[PDB]
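Asks: My structure is in start.csv, and what it holds is CSV, C-alpha atoms:
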```csv
chain,number,residue,atom,x,y,z
A,1,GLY,CA,-137.4,58.8,46.2
A,2,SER,CA,-135.2,56.8,43.9
A,3,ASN,CA,-133.9,58.3,40.6
A,4,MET,CA,-134.5,56.4,37.4
A,5,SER,CA,-135.4,57.6,33.8
A,6,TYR,CA,-135.5,55.7,30.5
A,7,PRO,CA,-133.7,52.4,30.1
A,8,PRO,CA,-129.9,52.1,29.8
A,9,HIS,CA,-128.1,51.3,26.5
A,10,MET,CA,-124.4,52.1,26.1
A,11,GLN,CA,-124.2,52.1,22.2
A,12,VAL,CA,-121.2,50.1,21.3
A,13,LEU,CA,-120.2,53.2,19.2
A,14,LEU,CA,-118.1,55.8,21.1
A,15,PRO,CA,-120.2,58.8,22.1
A,16,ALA,CA,-117.9,61.6,21.0
A,17,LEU,CA,-119.5,63.8,18.3
A,18,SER,CA,-116.3,65.9,18.3
A,19,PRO,CA,-113.1,63.8,18.3
A,20,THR,CA,-111.4,66.6,16.3
A,21,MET,CA,-110.7,63.8,13.8
A,22,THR,CA,-112.4,61.1,11.7
A,23,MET,CA,-110.5,57.9,12.3
A,24,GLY,CA,-110.1,56.8,16.0
A,25,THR,CA,-109.8,53.2,17.3
A,26,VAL,CA,-110.5,51.8,20.8
A,27,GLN,CA,-107.3,52.3,22.7
A,28,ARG,CA,-107.7,50.4,26.0
A,29,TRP,CA,-110.8,49.2,27.9
A,30,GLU,CA,-110.6,45.4,28.2
A,31,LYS,CA,-113.6,44.9,30.6
A,32,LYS,CA,-114.1,41.5,32.4
A,33,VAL,CA,-116.8,39.4,30.7
A,34,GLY,CA,-120.1,39.8,32.7
A,35,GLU,CA,-118.4,42.4,34.9
A,36,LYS,CA,-120.6,44.8,37.0
A,37,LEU,CA,-119.6,48.3,38.2
A,38,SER,CA,-121.7,50.7,40.2
A,39,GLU,CA,-119.2,53.5,41.0
A,40,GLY,CA,-117.6,54.3,37.6
A,41,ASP,CA,-116.2,51.4,35.7
A,42,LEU,CA,-113.7,51.6,32.9
A,43,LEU,CA,-114.5,53.2,29.5
A,44,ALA,CA,-113.6,52.5,25.9
A,45,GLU,CA,-110.6,54.9,25.8
A,46,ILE,CA,-110.5,55.6,22.1
A,47,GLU,CA,-107.7,57.8,20.7
A,48,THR,CA,-106.1,58.8,17.4
A,49,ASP,CA,-103.4,61.5,18.0
A,50,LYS,CA,-105.3,64.7,18.9
A,51,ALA,CA,-108.4,63.3,20.7
A,52,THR,CA,-109.7,60.3,22.6
A,53,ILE,CA,-113.3,59.2,23.3
A,54,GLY,CA,-114.2,57.3,26.5
A,55,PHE,CA,-117.2,55.1,27.4
A,56,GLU,CA,-117.4,56.4,31.0
A,57,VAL,CA,-119.6,53.7,32.5
A,58,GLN,CA,-120.9,55.8,35.4
A,59,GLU,CA,-121.7,53.1,38.0
A,60,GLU,CA,-122.3,50.3,35.5
A,61,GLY,CA,-120.3,48.0,33.1
A,62,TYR,CA,-121.6,44.4,33.5
A,63,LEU,CA,-120.0,43.6,30.1
A,64,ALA,CA,-123.2,42.5,28.3
A,65,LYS,CA,-122.3,42.7,24.6
A,66,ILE,CA,-118.5,43.4,24.9
A,67,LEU,CA,-117.2,41.8,21.7
A,68,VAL,CA,-114.8,44.4,20.3
A,69,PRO,CA,-111.9,44.9,22.8
A,70,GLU,CA,-109.6,47.9,22.6
A,71,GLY,CA,-107.7,47.6,19.3
A,72,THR,CA,-110.6,47.7,16.8
A,73,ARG,CA,-110.4,50.7,14.5
A,74,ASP,CA,-113.8,51.8,13.1
A,75,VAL,CA,-113.9,55.5,13.7
A,76,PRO,CA,-113.6,58.2,16.4
A,77,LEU,CA,-117.4,58.0,17.0
A,78,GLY,CA,-119.8,55.5,15.3
A,79,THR,CA,-117.0,52.9,16.0
A,80,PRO,CA,-119.3,50.4,17.6
A,81,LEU,CA,-117.5,47.9,19.9
A,82,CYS,CA,-119.6,46.9,23.0
A,83,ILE,CA,-123.0,47.6,24.7
A,84,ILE,CA,-122.7,48.3,28.4
A,85,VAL,CA,-125.6,48.1,30.9
A,86,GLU,CA,-124.4,46.7,34.2
A,87,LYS,CA,-126.9,43.8,34.0
A,88,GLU,CA,-127.2,41.9,37.3
A,89,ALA,CA,-127.3,38.5,35.7
A,90,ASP,CA,-130.2,36.0,36.5
A,91,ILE,CA,-130.7,32.6,34.9
A,92,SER,CA,-133.4,29.9,35.8
A,93,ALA,CA,-135.5,27.8,33.4
A,94,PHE,CA,-138.5,27.4,35.8
A,95,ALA,CA,-141.0,25.9,33.4
A,96,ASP,CA,-143.6,25.6,36.2
A,97,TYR,CA,-145.2,28.5,38.1
A,98,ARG,CA,-147.1,27.6,41.2
A,99,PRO,CA,-148.1,31.3,41.7
A,100,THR,CA,-149.2,33.6,38.9
A,101,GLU,CA,-148.0,37.2,39.0
A,102,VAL,CA,-146.6,39.6,41.6
A,103,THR,CA,-150.1,41.0,42.2
A,104,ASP,CA,-151.1,39.5,45.6
A,105,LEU,CA,-154.9,39.4,45.2
A,106,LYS,CA,-156.4,40.5,48.5
```
Can the structure from this file be put into structure tokens for me?
Replies:
Amino acid sequence: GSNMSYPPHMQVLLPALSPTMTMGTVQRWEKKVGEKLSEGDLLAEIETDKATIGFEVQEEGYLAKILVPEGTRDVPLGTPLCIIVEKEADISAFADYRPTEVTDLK
């Protein structure tokens, strides 16, 4: 009985759609490179003077494409700064493959 639906993809842009303004810049959300949260991580706290967006990373925030740290001014919405996902990380060349797939042929 897990609970999953559609793949994750935190658009670098701030998901506001109603910042009450048209010129907001990331205020504070310096995540830690390759972070990883599963109980509510930080969130791009954007602000302008009468509103502030927030990239609430509900249980997530592995810092995948975090390139624009708080301070970049693009807008109170589209302002794309980083793509969150909470990746688990996993590297390993492994050019050989003794086995084939995960289908254990009876």
Asks: With all atoms listed in the file counted and 10 Å as the cut-off, give the residues of stretch 39-78 of chain A in contact with stretch 24-29 of chain A, each with its shortest interatomic distance in Å and the pair that gives it, as a Markdown table.
Replies:
```
| residue | atom | partner | partner_atom | distance |
| --- | --- | --- | --- | --- |
| A:41 | CA | A:29 | CA | 9.7 |
| A:42 | CA | A:29 | CA | 6.3 |
| A:43 | CA | A:29 | CA | 5.7 |
| A:44 | CA | A:29 | CA | 4.8 |
| A:45 | CA | A:27 | CA | 5.2 |
| A:46 | CA | A:26 | CA | 4.0 |
| A:47 | CA | A:24 | CA | 5.4 |
| A:48 | CA | A:24 | CA | 4.7 |
| A:49 | CA | A:24 | CA | 8.4 |
| A:50 | CA | A:24 | CA | 9.7 |
| A:51 | CA | A:24 | CA | 8.2 |
| A:52 | CA | A:24 | CA | 7.5 |
| A:53 | CA | A:26 | CA | 8.3 |
| A:54 | CA | A:26 | CA | 8.7 |
| A:55 | CA | A:29 | CA | 8.7 |
| A:68 | CA | A:26 | CA | 8.6 |
| A:69 | CA | A:29 | CA | 6.8 |
| A:70 | CA | A:26 | CA | 4.4 |
| A:71 | CA | A:26 | CA | 5.3 |
| A:72 | CA | A:25 | CA | 5.6 |
| A:73 | CA | A:25 | CA | 3.8 |
| A:74 | CA | A:25 | CA | 6.0 |
| A:75 | CA | A:24 | CA | 4.6 |
| A:76 | CA | A:24 | CA | 3.8 |
| A:77 | CA | A:24 | CA | 7.5 |
| A:78 | CA | A:24 | CA | 9.8 |
```
Asks: Go ahead and save the picked residues with C-alpha atoms, as a compact mmCIF listing (two decimals), in the frame of the given file.
Replies:
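Saved as selection.txt:
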```txt
# COMPACT_ATOMS: atom_id res chain seq x y z
CA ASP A 41 -116.20 51.40 35.70
CA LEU A 42 -113.70 51.60 32.90
CA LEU A 43 -114.50 53.20 29.50
CA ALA A 44 -113.60 52.50 25.90
CA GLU A 45 -110.60 54.90 25.80
CA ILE A 46 -110.50 55.60 22.10
CA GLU A 47 -107.70 57.80 20.70
CA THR A 48 -106.10 58.80 17.40
CA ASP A 49 -103.40 61.50 18.00
CA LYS A 50 -105.30 64.70 18.90
CA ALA A 51 -108.40 63.30 20.70
CA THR A 52 -109.70 60.30 22.60
CA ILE A 53 -113.30 59.20 23.30
CA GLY A 54 -114.20 57.30 26.50
CA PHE A 55 -117.20 55.10 27.40
CA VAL A 68 -114.80 44.40 20.30
CA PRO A 69 -111.90 44.90 22.80
CA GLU A 70 -109.60 47.90 22.60
CA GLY A 71 -107.70 47.60 19.30
CA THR A 72 -110.60 47.70 16.80
CA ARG A 73 -110.40 50.70 14.50
CA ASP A 74 -113.80 51.80 13.10
CA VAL A 75 -113.90 55.50 13.70
CA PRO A 76 -113.60 58.20 16.40
CA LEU A 77 -117.40 58.00 17.00
CA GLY A 78 -119.80 55.50 15.30
```
Asks: Name the closest residue to residue A:80 among the candidates A:17, A:33, A:12, A:94; distances are taken between atoms, counting only C-alpha atoms.
Replies: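 Among the listed residues, the smallest separation from residue A:80 belongs to A:12.
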Asks: Figure out the distance between atom CA of residue A:35 and atom CA of residue A:61, please, to one decimal in Å.
Replies: 6.2 Å
Asks: Record the distance separating atom CA of residue A:81 and atom CA of residue A:64, expressed in Å with one decimal.
Replies: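 Atom CA of residue A:64 lies 11.5 Å from atom CA of residue A:81.
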Asks: So the first atom is atom CA of residue A:4 and the second is atom CA of residue A:88; what is the distance between them in Å, to one decimal place?
Replies: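 Taking atom CA of residue A:4 as the start and atom CA of residue A:88 as the end point, the length is 16.2 Å.
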Asks: Would you please work out which residue, of A:98, A:15, A:10, A:3, is nearest to residue A:62 when using only C-alpha atoms?
Replies: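 Among the listed residues, the smallest separation from residue A:62 belongs to A:10.
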Asks: Given the choices A:32, A:87, A:106, A:9, which gets closest to residue A:67 if the distance is worked out from only C-alpha atoms?
Replies: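 Ranked by minimum distance to residue A:67, first place goes to A:32.
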Asks: Check the smallest atom-to-atom distance from each of A:105, A:65, A:31, A:16 to residue A:85 using all atoms listed in the file, then report the winner.
Replies: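 Among the listed residues, the smallest separation from residue A:85 belongs to A:65.
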Asks: Identify which of the residues A:7, A:57, A:2, A:22 lies closest to residue A:82, counting all atoms listed in the file when measuring atom-to-atom distances.
Replies: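 Distance minimum relative to residue A:82 lands on A:57.
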Asks: With only C-alpha atoms as the basis for distance, which of A:11, A:5, A:18, A:58 is at the shortest distance from residue A:86?
Replies: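 Comparing A:11, A:5, A:18, A:58 against residue A:86, the winner is A:58.
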